[PDB]
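Notes follow the structure.
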Amino acid sequence: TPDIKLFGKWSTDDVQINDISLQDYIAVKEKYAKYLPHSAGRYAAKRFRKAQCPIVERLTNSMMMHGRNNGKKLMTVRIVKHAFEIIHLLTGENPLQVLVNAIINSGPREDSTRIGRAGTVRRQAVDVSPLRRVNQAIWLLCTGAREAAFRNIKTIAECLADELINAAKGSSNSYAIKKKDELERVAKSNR
Amino acid sequence: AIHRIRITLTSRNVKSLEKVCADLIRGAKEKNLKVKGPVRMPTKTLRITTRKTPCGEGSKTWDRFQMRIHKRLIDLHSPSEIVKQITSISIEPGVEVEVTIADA
Amino acid sequence: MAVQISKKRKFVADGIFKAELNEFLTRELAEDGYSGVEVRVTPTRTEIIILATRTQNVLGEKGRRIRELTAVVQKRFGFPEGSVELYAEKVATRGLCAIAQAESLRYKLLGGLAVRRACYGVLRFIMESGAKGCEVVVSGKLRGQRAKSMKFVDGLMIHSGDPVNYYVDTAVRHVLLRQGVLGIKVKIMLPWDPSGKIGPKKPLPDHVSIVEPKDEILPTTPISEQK
Amino acid sequence: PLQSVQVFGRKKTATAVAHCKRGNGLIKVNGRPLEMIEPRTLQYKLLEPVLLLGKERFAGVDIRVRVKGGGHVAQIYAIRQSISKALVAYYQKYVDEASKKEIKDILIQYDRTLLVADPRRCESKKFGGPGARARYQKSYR
Amino acid sequence: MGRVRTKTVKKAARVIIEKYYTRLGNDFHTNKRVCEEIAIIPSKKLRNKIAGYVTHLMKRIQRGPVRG
Amino acid sequence: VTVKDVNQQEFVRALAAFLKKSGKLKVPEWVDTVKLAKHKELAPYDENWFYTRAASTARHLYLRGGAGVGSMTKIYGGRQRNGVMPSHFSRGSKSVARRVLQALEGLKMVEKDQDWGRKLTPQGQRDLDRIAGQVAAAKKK
RNA sequence: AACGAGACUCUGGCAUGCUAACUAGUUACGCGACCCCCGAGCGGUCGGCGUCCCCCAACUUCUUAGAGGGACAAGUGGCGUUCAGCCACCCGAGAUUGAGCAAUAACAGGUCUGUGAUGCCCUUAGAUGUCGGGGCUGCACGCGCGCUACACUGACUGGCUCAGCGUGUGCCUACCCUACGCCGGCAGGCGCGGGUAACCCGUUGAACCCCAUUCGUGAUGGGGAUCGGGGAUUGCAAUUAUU
């Protein structure tokens with residue numbers, strides 16, 4: 001605590017990665033815990049450089065999309081502070097363990113791609129990197145809250161905290177755990 | 001009497017400018033006129049951004065031209081006679097000079 | 001007699017005077033081997049150094065022509081009377097003076113002479129006078145009513161980078177005939193690298209060479225030599 | 001005897017000259033408290049060195065900072081970058097090596113441009129685009 | 001990346017080592033200042049290159065014989 | 001305390017109330033028909049907007065060297081949505097600010113001083129810093 | 001051996017080193033003045049807040065612009081014929097920050113409506129060379145470049161708070177940028193003053209953003225097309241609506 005930042009109130013201790021596969025691309029607490037998610041603007045100039053930056057920051061980055069929200073990273077952080085707050089009142093946990101489950105449960109195990117034969121569509125099943133899983137899982141759940149709040153009275157904060165619950169405990173009421181299983185259902189067929 | 005006399009230089013060529021300033025600072029300090037150094041002012045950009053094609057046709061292209069002026073001024077305080085004597089002579093290049101009666 | 005215009009506008013108006021004159025003169029001194037000017041304002045006096053190769057034809061008998069030229073400028077730009085003072089100058093080394101070489105080729109051609117032998121004759125002169133190399137173009141008609149181009153080239157040339165501003169000069173002159181117009185262009189490369197005037201800078205242009213002196217001797221053996 | 005050493009920080013043309021002058025506590029910026037510098041959501045960030053190093057490093061100085069340039073954001077990184085270096089310079093000049101070498105290891109661990117500066121500034125636009133890379137649409141019919 | 005040395009460097013680098021073999025060290029900075037005095041290289045960036053290749057050659061010349 | 005120390009969102013909301021108690025500010029008749037700037041599309045919701053804006057007027061004079069009716073408007077101006085045309089900045093009303101500053105001057109909390117601008121009276125400067133501590137007395141700074 | 005490539009020029013990134021500054025600042029007091037006890041103390045003083053005062057003060061970190069230095073695959077570990085080079089790492093600004101310049105030969109490409117550049121042909125007093133009026137904006141339709149939108153990650157109304165490249169009357173023939181005072185809801189009017197410009201406008205007190213109200217999933221207060229009436233400014237003249 002006096003030598004390692006919390007989050008402004010939320011411990012990064014008592015936080016685990018419960019896979020051996022997806023750690024070393026999920027990290028949040030080795031020393032990478034900080035008061036806020038922000039950077040000086042170094043995040044990528046090498047392929048390995050992407051991995052290092054926190055998961056909580058990565059979530060904030062992929063939250064601002066679709067034209068009108070680009071370049072408004074401070075507005076974005078407002079939504080994240082409410083998210084953890086709502087998650088803690090609503091279920092009562094270290095609200096980061098919610099998010100870590102939500103990411104790990106939403107990442108695909110097998111994926112398909114295209115292959116050109118006879119000028120006609122054929123598909124091939126292939127595997128997926130841990131770095132791919134994390135990138136995909138962060139994409140998918142953020143699309144859910146963006147979609148729901150497009151005509152609902154509910155705010156995006158409320159929508160997003162709901163979306164991490166249904167991902168963290170699979171229940172197929174989320175946009176993520178649905179879309180995960182769609183890909184794998186294809187990957188079984190053409191293989 | 002001893003009047004604060006300002007020798008303004010103005011040019012477009014950094015070599016031609018600077019060496020003529022140096023000459024006047026040597027000749028002044030040689031005679032102990034209590035000369036004050038150059039005050040280099042911000043170099044100003046004339047920009048002209050215009051078509052490269054007369055009678056526009058083909059891929060749209062332009063051309064940046066620029067002129068850089070330079071100003072700098074040395075402040076002396078000494079009798080106006082010996083200044084106006086020595087100043088106007090010993091200038092080789094096309095570089096302008098403007099003498100002022102007083103400013104301070 | 002005042003005040004005085006902005007410093008920004010001060011340079012523009014000087015440029016307009018430098019340029020207008022330089023095309024005024026070229027339409028009168030073309031036959032006298034014009035090669036440029038160099039203006040200088042001096043204390044309470046204007047100097048206009050009218051560079052041409054043959055000062056003879058510029059001067060005239062009793063200095064008539066120089067008197068015409070001074071009276072023109074005294075009225076045209078509205079100069080204060082008697083401030084204007086002309087001077088002439090002869091240039092030495094005439095084959096580095098592309099402007100004059102091009103405009104001489106013009107009157108050789110317009111005099112009525114073949115193109116190939118004329119281009120060769122001007123070429124070896126500008127090569128002989130000193131020059132790394134040189135080039136001539138003639139674009140326009142000849143031997144029918146479709147156009148062609150005729151390049152005559154010898155020596156070195158450059159085309160790229162910042163050295164183009166220093167180490168070459170280039171001129172363009174239109175010449176008329178009874179059938180259309182012919183374009184002359186002359187491009188000539190300056191040779192100085194050892195020293196002087198100094199005019200163009202001492203390093204080599206396109207491949208920038210390493211100037212290399214040599215010394216290397218030893219005969220040393222131990223001894224003490226008192227001084 | 002008067003002790004005064006000055007430093008600055010930069011990020012994207014936002015200068016912040018933070019003088020460390022002998023005294024006790026009371027860090028300010030523009031003659032205002034750092035507690036109220038105004039986005040007040042990034043409040044944990046400019047506070048970060050002071051909070052992490054402890055307030056007992058800031059017990060022999062009065063620091064005041066003057067700023068200029070940049071936007072609301074880039075100023076925050078500038079004032080942080082200056083106060084970090086300001087503290088260091090005070091130890092570099094009046095105290096021994098092993099005091100400040102320790103402090104250097106702590107800050108540079110979570111380096112975030114506290115003791116270094118980005119070289120990144122805007123690139124110059126060229127014609128045929130509204131941006132430096134982005135281009136106007138191209139039609140074939 | 002890239003930055004493969006041109007022939008203008010490799011031509012003069014060989015020459016400068018042949019006639020000033022004694023003056024050479026194996027440090028960058030010392031071999032720079034020697035090239036500055038025994039010749040003039042008209043650029044600054046060019047000078048920083050020719051020194052570095054002169055250094056890189058002098059490493060190999062202290063082994064078996066070079067064929068250039 | 002100096003007015004620098006405290007929050008400024010709190011400052012105005014106690015200073016506006018202060019004035020309206022004391023019978024201060026003789027207001028213009030037009031105050032219920034007034035768009036308030038050229039770039040607005042509506043009147044304010046507030047029914048005591050005049051009291052609120054006089055607060056913000058006197059504060060800025062404490063900080064900066066003081067300036068006239070023109071400069072006050074430039075500080076307040078914002079963005080103008082021109083509909084189908086792209087938005088641009090523009091300045092708001094003048095004749096409101098010309099009533100504000102003359103109403104303050106009637107109380108002698110400001111006065112036309114030298115160097116092209118009204119400046120705030122020492123009596124005015126007394127009253128600002130007097131209620132500045134009242135803010136800290138209230139909540140707890 | 002030569003041209004192009006590279007080299008080169010400009011620009012960005014590294015200087016508490018060098019050079020020097022009331023048309024640039026900082027610091028230091030001398031301060032005296034204002035302010036509140038706001039903290040120790042009492043209000044003074046010490047400390048805090050800016051402004052005037054500042055010098056015959058001190059300095060050049062910040063700002064300005066000049067001379068210089070620095071980066072070379074330099075060092076280390078792999079890899080390569082162990083050559084030319086390539087990959088990782090230390091130091092750190094990593095060997096690519098972005099532009100300018102650019103060969104041979106060609107095109108029946110564009111331009112006679114840039115040219116007092118130009119051939120030939122035509123026309124030249126009932127003129128293809130001058131004043132007045134109209135048109136290039138005329139629409140059942142087809143296509144291209146864009147702008148503004150379809151909302152709650154929002155709109156609306158208040159409050160807070162940050163910037164840079166430039167430009168400006170004394171020019172073309174009649175014309176600039178604007179502070180300040182006064183009058184008007186606004187457009188605007190009117191009285192005075194400065195600026196040849198690191199000097200005056202402008203310590204460019206800009207937007208998104210930030211903070212607090214109001215609206216509530218509704219073609220809604222989202223959207224602002226279409227259209228009626230009225231008020232100003234430019235000009236010799238504003239109708240087919242100049243703004």
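Labels for the structure tokens follow display order: chains A, B, ..., residues from 1 in each chain, ligands from 1.
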
Per residue of chain F within 9 Å of chain D, note the shortest atom pair and the distance in Å to one decimal, counting only C-alpha atoms, and order the rows by chain and increasing residue number, as JSON lines.
```
{"residue": "F:4", "atom": "CA", "partner": "D:32", "partner_atom": "CA", "distance": 5.3}
{"residue": "F:5", "atom": "CA", "partner": "D:32", "partner_atom": "CA", "distance": 5.7}
{"residue": "F:6", "atom": "CA", "partner": "D:36", "partner_atom": "CA", "distance": 7.8}
{"residue": "F:7", "atom": "CA", "partner": "D:36", "partner_atom": "CA", "distance": 6.9}
```

May I have the selected residues written with N, CA and C atoms, as an mmCIF file, in the first residue's frame?
```
data_model
loop_
_atom_site.group_PDB
_atom_site.id
_atom_site.type_symbol
_atom_site.label_atom_id
_atom_site.label_comp_id
_atom_site.auth_asym_id
_atom_site.auth_seq_id
_atom_site.Cartn_x
_atom_site.Cartn_y
_atom_site.Cartn_z
ATOM 1 N N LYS F 4 -7.582 32.419 -3.893
ATOM 2 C CA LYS F 4 -6.864 31.387 -4.594
ATOM 3 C C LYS F 4 -7.039 30.031 -3.965
ATOM 4 N N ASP F 5 -7.056 29.970 -2.608
ATOM 5 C CA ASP F 5 -7.032 28.740 -1.843
ATOM 6 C C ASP F 5 -8.245 27.884 -2.086
ATOM 7 N N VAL F 6 -9.437 28.518 -2.153
ATOM 8 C CA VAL F 6 -10.698 27.826 -2.118
ATOM 9 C C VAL F 6 -11.060 27.389 -3.515
ATOM 10 N N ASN F 7 -12.029 26.444 -3.612
ATOM 11 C CA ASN F 7 -12.788 26.133 -4.804
ATOM 12 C C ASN F 7 -13.533 27.362 -5.272
#
```

Give me, as a list in words, the residues of chain C touching chain G, with the criterion being at most 8 Å (counting only C-alpha atoms (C1' of nucleotides)).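 Every residue of chain C that passes the 8 Å test is in residues 3, 4, 5, 6, 7, 156, 157, 158, 159, 160, 161, 162, 163, 174, 176, 178, 179, 180, 181, 206, 207 and 208 of chain C.
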
Could you save the residues just selected, with N, CA and C atoms, as a compact mmCIF listing (two decimals), in the first residue's frame?
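Wrote it out as result-v6.txt, contents follow:
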```
# COMPACT_ATOMS: atom_id res chain seq x y z
N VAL C 3 6.56 59.09 -44.05
CA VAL C 3 7.54 58.32 -43.29
C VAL C 3 8.20 57.26 -44.16
N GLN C 4 8.16 56.01 -43.71
CA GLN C 4 8.75 54.92 -44.44
C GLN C 4 8.05 53.61 -44.19
N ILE C 5 7.99 52.75 -45.23
CA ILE C 5 7.16 51.57 -45.29
C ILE C 5 7.69 50.50 -44.37
N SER C 6 6.85 49.48 -44.08
CA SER C 6 7.15 48.35 -43.22
C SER C 6 8.35 47.59 -43.70
N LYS C 7 9.09 46.93 -42.78
CA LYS C 7 10.32 46.23 -43.08
C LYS C 7 10.10 45.04 -43.97
N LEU C 156 30.76 16.79 -67.32
CA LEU C 156 30.02 16.44 -66.13
C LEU C 156 28.80 17.31 -66.07
N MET C 157 27.81 16.90 -65.26
CA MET C 157 26.63 17.69 -65.02
C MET C 157 26.08 17.19 -63.72
N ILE C 158 25.21 17.99 -63.06
CA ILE C 158 24.52 17.60 -61.86
C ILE C 158 23.08 17.94 -62.12
N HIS C 159 22.15 17.36 -61.33
CA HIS C 159 20.75 17.57 -61.55
C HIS C 159 20.01 17.53 -60.25
N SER C 160 20.62 17.03 -59.15
CA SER C 160 19.91 16.79 -57.92
C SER C 160 20.65 17.39 -56.77
N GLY C 161 19.92 17.61 -55.65
CA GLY C 161 20.44 18.13 -54.41
C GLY C 161 20.58 19.61 -54.44
N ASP C 162 21.03 20.17 -53.30
CA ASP C 162 21.36 21.56 -53.10
C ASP C 162 22.55 22.06 -53.94
N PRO C 163 23.55 21.29 -54.41
CA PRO C 163 24.62 21.81 -55.25
C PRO C 163 24.19 22.47 -56.54
N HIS C 174 14.33 32.82 -76.03
CA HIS C 174 13.50 32.50 -77.16
C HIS C 174 14.10 33.20 -78.35
N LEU C 176 13.14 33.83 -82.62
CA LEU C 176 12.07 33.76 -83.59
C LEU C 176 12.67 33.33 -84.89
N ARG C 178 10.80 32.74 -89.24
CA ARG C 178 9.64 32.92 -90.07
C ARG C 178 8.62 31.83 -89.87
N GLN C 179 9.06 30.65 -89.36
CA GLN C 179 8.19 29.58 -88.97
C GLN C 179 8.46 29.39 -87.52
N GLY C 180 7.47 29.79 -86.68
CA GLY C 180 7.43 29.60 -85.24
C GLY C 180 8.62 30.10 -84.48
N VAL C 181 8.84 29.48 -83.31
CA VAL C 181 9.74 29.96 -82.29
C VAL C 181 10.62 28.78 -82.03
N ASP C 206 28.72 16.51 -56.43
CA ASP C 206 27.83 15.38 -56.50
C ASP C 206 28.34 14.24 -55.66
N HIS C 207 29.63 13.91 -55.81
CA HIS C 207 30.32 13.04 -54.89
C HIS C 207 31.26 13.94 -54.17
N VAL C 208 31.08 14.03 -52.83
CA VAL C 208 31.75 15.02 -52.02
C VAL C 208 33.00 14.33 -51.56
```

Excluding residue 41 of chain E and any residue of its chain fewer than 5 positions from it, enumerate the residues within 8 Å of it, using only C-alpha atoms (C1' of nucleotides), and give them as a PDB file with N, CA, C and O atoms, in the first residue's frame.
```pdb
ATOM      1  N   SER C 209      34.162  14.799 -52.080  1.00  0.00           N
ATOM      2  CA  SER C 209      35.416  14.097 -51.964  1.00  0.00           C
ATOM      3  C   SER C 209      36.089  14.443 -50.674  1.00  0.00           C
ATOM      4  O   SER C 209      35.809  15.469 -50.055  1.00  0.00           O
ATOM      5  N   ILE C 210      37.025  13.558 -50.264  1.00  0.00           N
ATOM      6  CA  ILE C 210      37.789  13.681 -49.055  1.00  0.00           C
ATOM      7  C   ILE C 210      39.102  14.210 -49.559  1.00  0.00           C
ATOM      8  O   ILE C 210      39.781  13.556 -50.351  1.00  0.00           O
ATOM      9  N   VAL C 211      39.444  15.455 -49.152  1.00  0.00           N
ATOM     10  CA  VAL C 211      40.647  16.137 -49.565  1.00  0.00           C
ATOM     11  C   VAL C 211      41.747  15.650 -48.671  1.00  0.00           C
ATOM     12  O   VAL C 211      41.676  15.811 -47.455  1.00  0.00           O
TER      13      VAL C 211
ATOM     14  N   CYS E  35      41.131  11.736 -38.370  1.00  0.00           N
ATOM     15  CA  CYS E  35      40.587  11.935 -39.702  1.00  0.00           C
ATOM     16  C   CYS E  35      40.250  13.373 -39.997  1.00  0.00           C
ATOM     17  O   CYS E  35      40.291  13.792 -41.155  1.00  0.00           O
ATOM     18  N   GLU E  36      39.893  14.150 -38.951  1.00  0.00           N
ATOM     19  CA  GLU E  36      39.623  15.563 -39.025  1.00  0.00           C
ATOM     20  C   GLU E  36      40.871  16.372 -39.287  1.00  0.00           C
ATOM     21  O   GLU E  36      40.802  17.421 -39.924  1.00  0.00           O
ATOM     22  N   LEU E  46      29.092  12.787 -42.419  1.00  0.00           N
ATOM     23  CA  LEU E  46      30.025  11.992 -43.192  1.00  0.00           C
ATOM     24  C   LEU E  46      31.268  11.620 -42.415  1.00  0.00           C
ATOM     25  O   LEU E  46      31.772  10.504 -42.536  1.00  0.00           O
ATOM     26  N   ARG E  47      31.804  12.573 -41.611  1.00  0.00           N
ATOM     27  CA  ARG E  47      32.947  12.368 -40.749  1.00  0.00           C
ATOM     28  C   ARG E  47      32.690  11.306 -39.714  1.00  0.00           C
ATOM     29  O   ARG E  47      33.519  10.419 -39.527  1.00  0.00           O
TER      30      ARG E  47
END
```

Quick one: residues within 9 Å of residue 209 of chain G, only C-alpha atoms (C1' of nucleotides), excluding same-chain residues fewer than 6 positions away - as a PyMOL selection string? (chain A and resi 72+74-75) or (chain D and resi 72)

With DSSP run on the backbone, what are the helix (DSSP H, G or I) residues within segment 130-227 of chain C? I'd like them as a PyMOL selection string. chain C and resi 163-167

Restricting it to N, CA and C atoms, dump the selection as a short mmCIF file (atom, residue, chain, number, x, y, z; two decimals), in the first residue's frame.
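Output file result_29.cif is given in full below:
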```
data_model
loop_
_atom_site.label_atom_id
_atom_site.label_comp_id
_atom_site.auth_asym_id
_atom_site.auth_seq_id
_atom_site.Cartn_x
_atom_site.Cartn_y
_atom_site.Cartn_z
N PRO C 163 23.55 21.29 -54.41
CA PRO C 163 24.62 21.81 -55.25
C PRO C 163 24.19 22.47 -56.54
N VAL C 164 22.99 22.14 -57.07
CA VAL C 164 22.41 22.72 -58.26
C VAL C 164 22.31 24.24 -58.18
N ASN C 165 22.08 24.79 -56.96
CA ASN C 165 22.00 26.22 -56.76
C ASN C 165 23.34 26.91 -56.89
N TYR C 166 24.45 26.24 -56.52
CA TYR C 166 25.77 26.82 -56.57
C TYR C 166 26.43 26.54 -57.89
N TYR C 167 26.62 25.24 -58.22
CA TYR C 167 27.61 24.82 -59.19
C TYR C 167 27.10 24.78 -60.60
#
```

Of the residues G:23, G:67, G:156, G:130, which is the one nearest to residue 15 of chain B, using only C-alpha atoms (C1' of nucleotides)?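 Among G:23, G:67, G:156, G:130, it is G:67 that comes nearest to residue 15 of chain B.
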
Between chain G and chain E, at 12 Å or less, what are the per-residue closest atom pairs and their distances in Å? Count only C-alpha atoms (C1' of nucleotides), order by chain and rising residue number, and return it as a tab-separated table.
```
residue	atom	partner	partner_atom	distance
G:5	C1'	E:6	CA	10.4
G:6	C1'	E:6	CA	7.3
G:7	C1'	E:46	CA	8.2
G:8	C1'	E:43	CA	9.4
G:69	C1'	E:44	CA	11.2
G:70	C1'	E:48	CA	10.6
G:71	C1'	E:48	CA	8.3
G:72	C1'	E:52	CA	5.2
G:73	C1'	E:52	CA	8.7
G:74	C1'	E:28	CA	6.6
G:75	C1'	E:27	CA	10.2
G:82	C1'	E:60	CA	11.1
G:83	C1'	E:66	CA	10.4
G:84	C1'	E:4	CA	8.7
G:85	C1'	E:4	CA	7.8
G:86	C1'	E:2	CA	9.7
G:87	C1'	E:1	CA	11.6
G:94	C1'	E:1	CA	10.0
G:95	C1'	E:1	CA	6.7
G:96	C1'	E:1	CA	6.1
```

Could you please tell me, as a PyMOL selection string, which residues of chain F have an atom within 8 Å of chain G when using only C-alpha atoms (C1' of nucleotides)? chain F and resi 1-2+4+8-9+33-35+38+43-46+63+65+68+74-75+78-79+83-86+89+93+95+116-117+122+125-126+129-130+133

Proximal residues of chain B relative to chain C (only C-alpha atoms; 10 Å) as a PyMOL selection string: chain B and resi 10-12+44-46+67+69+71+88-89+91+93-96

Dump as a PDB file, in the first residue's frame, selection limited to N, CA and C atoms:
```pdb
ATOM      1  N   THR B  10      19.748  44.825 -40.328  1.00  0.00           N
ATOM      2  CA  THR B  10      18.629  44.088 -40.866  1.00  0.00           C
ATOM      3  C   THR B  10      19.169  43.523 -42.150  1.00  0.00           C
ATOM      4  N   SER B  11      18.840  42.248 -42.463  1.00  0.00           N
ATOM      5  CA  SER B  11      19.494  41.538 -43.536  1.00  0.00           C
ATOM      6  C   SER B  11      18.661  40.317 -43.814  1.00  0.00           C
ATOM      7  N   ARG B  12      19.151  39.422 -44.702  1.00  0.00           N
ATOM      8  CA  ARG B  12      18.482  38.203 -45.084  1.00  0.00           C
ATOM      9  C   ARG B  12      19.522  37.118 -45.198  1.00  0.00           C
ATOM     10  N   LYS B  44      11.550  36.225 -39.011  1.00  0.00           N
ATOM     11  CA  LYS B  44      10.167  36.230 -39.431  1.00  0.00           C
ATOM     12  C   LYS B  44      10.067  35.526 -40.754  1.00  0.00           C
ATOM     13  N   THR B  45       8.932  34.819 -40.952  1.00  0.00           N
ATOM     14  CA  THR B  45       8.651  33.974 -42.085  1.00  0.00           C
ATOM     15  C   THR B  45       7.666  34.648 -43.002  1.00  0.00           C
ATOM     16  N   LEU B  46       8.076  34.910 -44.261  1.00  0.00           N
ATOM     17  CA  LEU B  46       7.148  35.255 -45.308  1.00  0.00           C
ATOM     18  C   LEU B  46       6.877  33.946 -45.984  1.00  0.00           C
ATOM     19  N   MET B  67      10.866  33.412 -47.473  1.00  0.00           N
ATOM     20  CA  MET B  67      11.953  34.342 -47.274  1.00  0.00           C
ATOM     21  C   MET B  67      12.101  34.480 -45.784  1.00  0.00           C
ATOM     22  N   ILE B  69      13.789  36.992 -43.128  1.00  0.00           N
ATOM     23  CA  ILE B  69      14.470  38.218 -42.765  1.00  0.00           C
ATOM     24  C   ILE B  69      15.153  37.990 -41.446  1.00  0.00           C
ATOM     25  N   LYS B  71      16.647  40.513 -38.036  1.00  0.00           N
ATOM     26  CA  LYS B  71      16.881  41.780 -37.383  1.00  0.00           C
ATOM     27  C   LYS B  71      17.767  41.522 -36.201  1.00  0.00           C
ATOM     28  N   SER B  88      28.765  54.268 -41.318  1.00  0.00           N
ATOM     29  CA  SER B  88      28.447  54.200 -42.729  1.00  0.00           C
ATOM     30  C   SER B  88      29.550  53.654 -43.610  1.00  0.00           C
ATOM     31  N   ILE B  89      30.792  53.532 -43.076  1.00  0.00           N
ATOM     32  CA  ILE B  89      31.936  53.037 -43.801  1.00  0.00           C
ATOM     33  C   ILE B  89      32.211  51.651 -43.290  1.00  0.00           C
ATOM     34  N   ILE B  91      31.516  48.617 -44.849  1.00  0.00           N
ATOM     35  CA  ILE B  91      30.445  47.676 -45.077  1.00  0.00           C
ATOM     36  C   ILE B  91      30.643  47.234 -46.499  1.00  0.00           C
ATOM     37  N   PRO B  93      28.831  44.117 -47.802  1.00  0.00           N
ATOM     38  CA  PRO B  93      27.741  43.417 -48.472  1.00  0.00           C
ATOM     39  C   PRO B  93      26.543  44.327 -48.545  1.00  0.00           C
ATOM     40  N   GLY B  94      25.458  43.863 -49.214  1.00  0.00           N
ATOM     41  CA  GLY B  94      24.196  44.557 -49.277  1.00  0.00           C
ATOM     42  C   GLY B  94      23.386  44.250 -48.050  1.00  0.00           C
ATOM     43  N   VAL B  95      23.549  45.101 -47.013  1.00  0.00           N
ATOM     44  CA  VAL B  95      23.023  44.905 -45.685  1.00  0.00           C
ATOM     45  C   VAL B  95      22.685  46.307 -45.279  1.00  0.00           C
ATOM     46  N   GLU B  96      21.511  46.503 -44.630  1.00  0.00           N
ATOM     47  CA  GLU B  96      20.985  47.820 -44.381  1.00  0.00           C
ATOM     48  C   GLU B  96      21.345  48.184 -42.973  1.00  0.00           C
TER      49      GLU B  96
END
```

Using only C-alpha atoms (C1' of nucleotides), which protein or nucleic acid residues come within 9 Å of segment 64-76 of chain C? Drop anything in the same chain fewer than 5 positions from it, and give the result as a list in words.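 Residues meeting the cut-off are residues 57, 58, 59, 81, 82, 83, 84, 85, 86, 87 and 88 of chain C.
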
Could you take the residues named above and write them with N, CA and C atoms, as a tab-separated table (two decimals), in the first residue's frame?
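This is the output file part-v8.tsv:
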```tsv
chain	number	residue	atom	x	y	z
C	57	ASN	N	30.53	48.94	-77.06
C	57	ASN	CA	29.22	49.15	-77.63
C	57	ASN	C	28.20	49.69	-76.66
C	58	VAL	N	28.38	49.43	-75.34
C	58	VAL	CA	27.59	50.00	-74.27
C	58	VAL	C	27.84	51.47	-74.11
C	59	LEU	N	29.12	51.91	-74.21
C	59	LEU	CA	29.52	53.28	-73.98
C	59	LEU	C	29.07	54.17	-75.10
C	81	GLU	N	16.62	63.70	-58.29
C	81	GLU	CA	17.48	64.07	-59.39
C	81	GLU	C	18.94	64.11	-58.99
C	82	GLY	N	19.80	63.53	-59.86
C	82	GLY	CA	21.24	63.56	-59.74
C	82	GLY	C	21.79	62.56	-58.76
C	83	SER	N	20.93	61.74	-58.12
C	83	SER	CA	21.35	60.74	-57.17
C	83	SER	C	21.85	59.51	-57.88
C	84	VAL	N	21.18	59.16	-59.01
C	84	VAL	CA	21.50	58.02	-59.85
C	84	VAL	C	22.88	58.20	-60.44
C	85	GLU	N	23.72	57.14	-60.38
C	85	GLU	CA	25.01	57.15	-61.03
C	85	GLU	C	25.24	55.76	-61.53
C	86	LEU	N	25.44	55.63	-62.87
C	86	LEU	CA	25.68	54.37	-63.53
C	86	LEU	C	27.15	54.08	-63.48
C	87	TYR	N	27.53	52.79	-63.58
C	87	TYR	CA	28.90	52.40	-63.83
C	87	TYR	C	28.80	51.18	-64.68
C	88	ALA	N	29.87	50.90	-65.46
C	88	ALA	CA	29.96	49.74	-66.31
C	88	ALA	C	31.01	48.84	-65.72
```

Near chain B, which residues of chain D fall within 12 Å when you count only C-alpha atoms, and what do they look like as an MDAnalysis selection string? chainID D and resid 126:129 136 138

Give the strand (DSSP E or B) residues of chain D, as DSSP finds them on the backbone, and put them as a PyMOL selection string. chain D and resi 4-9+14-22+28-29+32-33+61-69

Using Å and a single decimal, report how far atom CA of residue 191 of chain C sits from atom CA of residue 12 of chain E.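 Between atom CA of residue 12 of chain E and atom CA of residue 191 of chain C the gap works out to 22.5 Å.
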